[PDB]
Each structure stands twice: as C-alpha cells, then as structure tokens.
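Since the structure comes first, as structure tokens, the remarks are kept for the end.
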Number of protein chains: 2
Amino acid sequence: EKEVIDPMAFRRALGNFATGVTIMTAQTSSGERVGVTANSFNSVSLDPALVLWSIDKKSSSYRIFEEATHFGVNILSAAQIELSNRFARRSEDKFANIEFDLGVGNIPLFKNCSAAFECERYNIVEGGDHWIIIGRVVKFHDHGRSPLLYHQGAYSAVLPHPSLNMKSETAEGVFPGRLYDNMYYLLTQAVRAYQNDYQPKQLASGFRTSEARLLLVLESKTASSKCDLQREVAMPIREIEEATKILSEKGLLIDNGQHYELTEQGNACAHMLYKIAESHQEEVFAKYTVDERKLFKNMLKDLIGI
Amino acid sequence: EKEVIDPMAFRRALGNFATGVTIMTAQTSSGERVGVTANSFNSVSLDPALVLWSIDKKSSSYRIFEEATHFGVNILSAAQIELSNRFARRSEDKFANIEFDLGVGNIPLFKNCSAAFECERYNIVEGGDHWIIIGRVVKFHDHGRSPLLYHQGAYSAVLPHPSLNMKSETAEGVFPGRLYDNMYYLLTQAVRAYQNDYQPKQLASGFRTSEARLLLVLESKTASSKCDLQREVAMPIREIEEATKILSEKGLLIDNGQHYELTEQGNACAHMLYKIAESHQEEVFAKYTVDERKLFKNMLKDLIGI
Ligand SMILES: Cc1cc2nc3c(=O)[nH]c(=O)nc-3n(C[C@H](O)[C@H](O)[C@H](O)COP(=O)(O)O)c2cc1C
Ligand SMILES: Cc1cc2nc3c(=O)[nH]c(=O)nc-3n(C[C@H](O)[C@H](O)[C@H](O)COP(=O)(O)O)c2cc1C
C-alpha cells in the first residue's frame, strides 16, 4: 500500500522549503539557446564538484540540455525578478534584448548575478515526471550579491544579522557584539520582532504569503491586469493562478473572465490583515504622541528615499 | 593527471544559493535511529511525489538511511537554530531530551517545524563524494511557520513583502497597494534600502556573511567559548571553523588554541564594517536634531522590546 499524494497540495507543502532562484542555460554549436527558471537546484559533491537540478520531462528545452555538453547555473540576485519572470514563460525569444556573455561550451551567463556555475553535463537520471540533470562544475563566479528568495509561492529576500541575546543580564549584553549597536542592526531587529508578532497571526487566520499578497493588492484595484498584477505582488504567474483559485474556494475572490476582483468577504479579509500588522505598533507606540509617531514614519520614509 | 576546481573555494561559491534547513531522520526495525542536519534537500517530481537530498559517503549515519525503508524530512522554522546545531554534530545521542513523534516506518518527526515529509526510500544514486538519496513522499505536514534560512555560511530569516515602486510620480503609487502603507511594510522597505547601500560595500571589502559576523563579534567578545560563539554569530560550528580559517589566512585573526582573537588588521576591518553601516543613516538623518535622532532610536528599541 502506497499513499495517493495530491500534487497541488504537495506543491504548496514544498513551498515551505525556501530556495534561491536560478536560470539554467545552454547553447548548441548550431546556435539554439535555452534558458529555464528553476529552483530545483542544489549542490551534491565538492570533489568531484557536482550540482544537480530537475527539469520537466515535457519541457521544450530538455532536448538542448540533453544534447549540449555544457550548461550554466545562474544564481539570481534580489534585483533580477524581471529576469526570473522572463525565463519562466515560453516565448519566441526568451533572450530578446538580454545582455549575456559566453562561458565555456557556449554557456549563456547573465550579468549582475549572485553567482554562476559552468557545468559539464555529467549524468541524467530518471525522476518521475522530471529528469534529474547532474553537472560537474568546471568553472564558477562567486560575486556575493544579495540573492533572490522563493518561498510559499512568492519572491522575497534575506533578512540580515543574528538575533539579539534576549536573556542577557546586562543592557549592552543583548547585542551579539558591541559593533552591532548601530542603526542598520536595530532596523533589522525591529523587522524580526514585528515579523515574529505578525506572521503567526496571519498564519492562524489561514493565509500563506501568496494568498496574503493577492488579497492586499487586489483590495485597492490599482491596475488589476495580469502583467501589472504579477509586478505588484512579486509572484510567478503560475503561483498567481494557483492562489486566486484557493481564494475563490474560500469565497474571497471572483475570476471574472480577464481580471480578478475581491468579494465582500475578500475585502474584509484584506482589511483584517491590515489591522493585524498595525496592531503591534499601536500597542508598542500607544504612549507616544501623534507628532512623535508622525515623525517616526517620516524618518522611515527618509531612509527609504520616499 | 586530473584537473579539479578548488573544493574550498567552490564551497564558498555555493554559499550564494540560499536554502532552508532540514533534519533528515530514520529509525530501523532494530531500533537504531539517526538525524542529520542537511540543506541539500529539494523536490524532484509531483507525480510520483519525489524529493531528494545528498549525504556524505563517509557519514556514519548513511548505513541507517540505506537500511531504513523510510525516512523523514523536517523543514526547520526560524526558532529551531538550536535543533539545527544539535543535529549537525556527531554525538552519542543526538536525540537526548528532544521531543518527537513517530510517523510511518517509525520516522522521527520533530515538533514546531515549518513542514515535514514522510518518505519511502526510492532510489540511491552515485553522487561523487556524496550519495544522492531519492524519497517517494507518502505523507506530508504543512504548517507554514516562518522558515530558518541558510546563506553564505550563516543562519538568517526571510525579509518579507513585495518591493515598492520607486518610479512612482505619486505618493500612493509607491505602494503595491494602499493597504501596504503601514508600519510593518515601511520597516521592511527601510531594511531593503539600507542593505542596498551597505551590502556592495561589505562585498567590495571581500567579506561574506560568515566572515563579517565573526569580525563584528570577535572584535569585542575576546574570550567567548565555542558554544557561546555559535549562539552569538548564529552559524554552525563547521562554518565557524571554515570562516576563521579564511580570516586567519587573510591575516585578520589568530587561533591561539584556547580562543579566537582578531589581529590589529582584523580590528580595523571590524570598525570599517561599523562605519559603513553608520554612514548611511548619518547622511540621511543629518537634517534632524540631536533629540529627534535620539527619539527615533528609542522608538526602534521599543519595537524590538529592548
Ligand atoms: C520560481 C520558479 C521555479 C521553477 N523551477 C523549475 C524547475 O526546477 N524545473 C523545471 O523544469 N521548471 C521550473 N519552472 C518552470 C520553468 O521555468 C518553465 O517550465 C519553463 O521556463 C517553460 O519553458 P520551456 O517549456 O521552454 O522549458 C520554474 C518556474 C518558476 C517561476
Ligand atoms: C546547515 C547545514 C547543512 C548541512 N547539510 C548537509 C548535507 O546536505 N549532507 C550531509 O551529508 N551533511 C550535511 N551537514 C553536516 C551534517 O549535519 C553533519 O556532518 C552530521 O550531522 C554529522 O553526523 P554523522 O557523521 O553522524 O552523520 C550539514 C550541516 C549543516 C550545519
């Protein structure tokens, strides 16, 4: 006896494992290039230096990866969401107007990535409805740029710094070291404390990141179109479609032909998410004047540059 | 003669791919049980439901994963750094004083995780100095808790929210939607902008996250133990040892046998990292009074709870 696994509910469960984001590329001697956004990448071995990913067996790009003797792994930085979206959708020329260099074996390498790996195709292994492609790394580029994150269906970023030592007996002892008493560290630890308050409440009310973002954006109806919407929620199109379907089942959203609109329940759920977020600062700043609180927001906007 | 890339430079480069953190567990019919912290996990296939990970061929736990018919994947939450560290070090009893449940095939399952996957051992594939273990998922748990991240040798958290539209001619148009105009959103965008200023300057200096943290902490924690140090910098032991070896070869750190100590050049680098962080806010808040900046800092600390 083997258990039947629902594939969409299993896909949602996998969204709990955060990953960076890559684009796998290859080009033949002929001149045919492929590039495929992928988060199935991981490392295997240091010597020999080996990495792997999993490509759909129905992919139109599989033939080129199978034939080309070399392929590249581009680790996207936080600034490359547009690249990630371009190479996630079939089109006539995914590379149109992209700048890229040629590594060994004609590997296409994008500029401004967090890192890149030039691989020789090493082995191809059966993987259910995917093929597992194992590559030997023969060259790499390590730039260190802050990476693009993919988690619970949505694009995010890495929050810097180790946490405060919150059981310390001394006042300055809360900092991991005294040079962490600085404005940058304080801001990251304020975010971390806000998230620790807000996140469990959002989750206990039954919303995951991708659902939450669609509710908050669709409530305001600011350019409610498919390309405009993707840009605002920072999610893949495949994840927008999946998340509007769930919201539809919860009675929160209507998919009227071309665009999406919340229902009255959906509007109330969006507003409930706002009140949760605003709850923490309401409590923490209850004893500050309106002027002080107005001032705090303005200094925040000054660091942001708005 | 066989040419290979430097394994330790390669490991550093792989640090650019962010991942979650798992513990892999198994218990055989004879009662032998294992748990291994791992971040080589990823998904393979939706139908059949397949995932994989890679384990070191010299692992003393491999024999039990090879014997057990079933194994678990526990996706760790942000609050489980202690569990992560516990299951990353060889030990007489990793499971001592740890609460856990048993799944199918007596899989050890930990409490308070982000998610967990019960697998039947499906296939073991040659992986250089690792074995690639493929699992068929027979049951999953989807809790959605904020995840533990691992990036450039160190533990971090997720920075939430879609980025604001910096090219907006209107104040409202900056936000992905109007309900994102709240304190929590503004804090995360503040962190984003700060990091976009700080990060390329820390990179230009040659430091990755693991090195930077060690510098900042060791600059004032001149006598910390190896346990306290792991807790303070939020890095596993194995990364601390790798990072201090790099810092030693750069001339920034000495290992006198008992403790780690920064050199004169190490101290100067720690203070430079501090200046970079402090310089952004110093420029932006120049126009505010001495007491206005004091008020801002005090309000941040109220948010934190210190
Ligand atoms: C975040 C993200 C991760 C993805 N990861 C993978 C992957 O690991 N493997 C895969 O085959 N497709 C993945 N895709 C989908 C492919 O990008 C998509 O099928 C492909 O670009 C379609 O073009 P093709 O049919 O020419 O391959 C991913 C898409 C997104 C948005
Ligand atoms: C964040 C992190 C990720 C790790 N990932 C892996 C991995 O993917 N594969 C592996 O074999 N070991 C990995 N390790 C190391 C093992 O956890 C460690 O070697 C093991 O627990 C040693 O015990 P054993 O010799 O009894 O297996 C990782 C350690 C850490 C801290």
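Naming: A, B, ... by sequence-line order, numbering from 1 per chain. When a ligand or atom number is given, it counts from 1 through the structure's own listing order.
Using a non-hydrogen distance threshold of 4.0 Å, B/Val21 does not register as a contact of ligand 2.
Checked by atom type, the side-chain pair B/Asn16/A/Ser114 shows no donor-acceptor distance below 3.5 Å.
At a threshold of 4.5 Å between non-hydrogen side-chain atoms, the residues B/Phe10 and B/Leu14 count as touching. Side-chain atoms of B/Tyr62 and B/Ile124, non-hydrogen and from C-beta on, do get closer than 4.5 Å to each other. Contact check for B/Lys226 versus B/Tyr260: side-chain heavy atoms found under the 4.5 Å cut-off.
For atom 30 (C) of ligand 2, the closest heavy atom belonging to the protein is B/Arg238 NE, 3.7 Å. Distance from atom 26 (O) of ligand 2 to its nearest protein heavy atom, with residue and atom name: B/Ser60 OG, 3.0 Å. If you check which protein heavy atom lies closest to atom 25 (O) of ligand 2, you get B/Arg90 NE, 2.7 Å. With hydrogens left out, the protein atom closest to atom 20 (C) of ligand 2 is B/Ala88 O, 3.8 Å, a heavy atom. Of the protein's heavy atoms, B/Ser59 OG, 2.9 Å lies nearest to atom 27 (O) of ligand 2. Among protein heavy atoms, the minimum distance from atom 8 (O) of ligand 2 is reached at B/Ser40 OG, 2.6 Å.
Here atom 3 (C) of ligand 2 lies nearest to B/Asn39 when heavy atoms of B/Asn39, B/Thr22, B/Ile55, A/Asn42 are compared. Considering only non-hydrogen atoms, atom 4 (C) of ligand 2 lies nearest to B/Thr37 out of B/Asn85, B/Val34, B/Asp56, B/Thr37. The residue among A/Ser61, A/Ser54, B/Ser43, A/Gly35 with a heavy atom at the shortest distance from atom 10 (C) of ligand 1 is A/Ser54.
By the 3.5 Å distance cut-off applied to N or O atoms, B/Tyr150 is not counted among the residues near ligand 2. For the pair B/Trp53 and ligand 2, the shortest N or O to N or O distance does not fall below 3.5 Å.
Heavy-atom proximity to B/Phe87, at under 4.0 Å, picks out these atoms of ligand 2: 17 (O), 21 (O). The contact set between ligand 2 and B/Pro236, taken as ligand atoms under 4.0 Å from a residue heavy atom, comprises 31 (C). Listed by number with element, the atoms of ligand 2 under 4.0 angstrom from any heavy atom of B/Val36 are 16 (C), 17 (O), 27 (O).
Atom CH2 in B/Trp53 sits 11.5 Å away from atom CZ in B/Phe41 (nearest 0.5 Å). Distance check: B/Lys221 NZ to B/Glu232 CD gives 5.0 Å after rounding to the nearest 0.5 Å. Note that CG of B/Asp142 is 7.0 Å distant from CZ of B/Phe140, once rounded to the nearest 0.5 Å.
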Could you go through the salt bridge (charged side-chain N to carboxylate O under 4.0 Å, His left out) check for B/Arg213 and B/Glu239 one step at a time? CA-CA 11 Å; B/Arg213 295 198 183 167; B/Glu239 280 303 336; over 6 Å; no
Would you please test A/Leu215 and A/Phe207 for side-chain contact (heavy atoms from CB on, under 4.5 Å) and show each step? CA-CA 10 Å; A/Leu215 281 159; A/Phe207 302 119; 3.7 Å; yes
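Of the heavy atoms in B/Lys94, only side-chain atoms (C-beta onward) come closer than 4.0 Å to ligand 2.
Applying the ring pair (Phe, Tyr, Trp, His ring centres under 6.0 Å) test to residues at least two apart or on different chains, none of the pairs has a partner in residues 18-38 of chain A.
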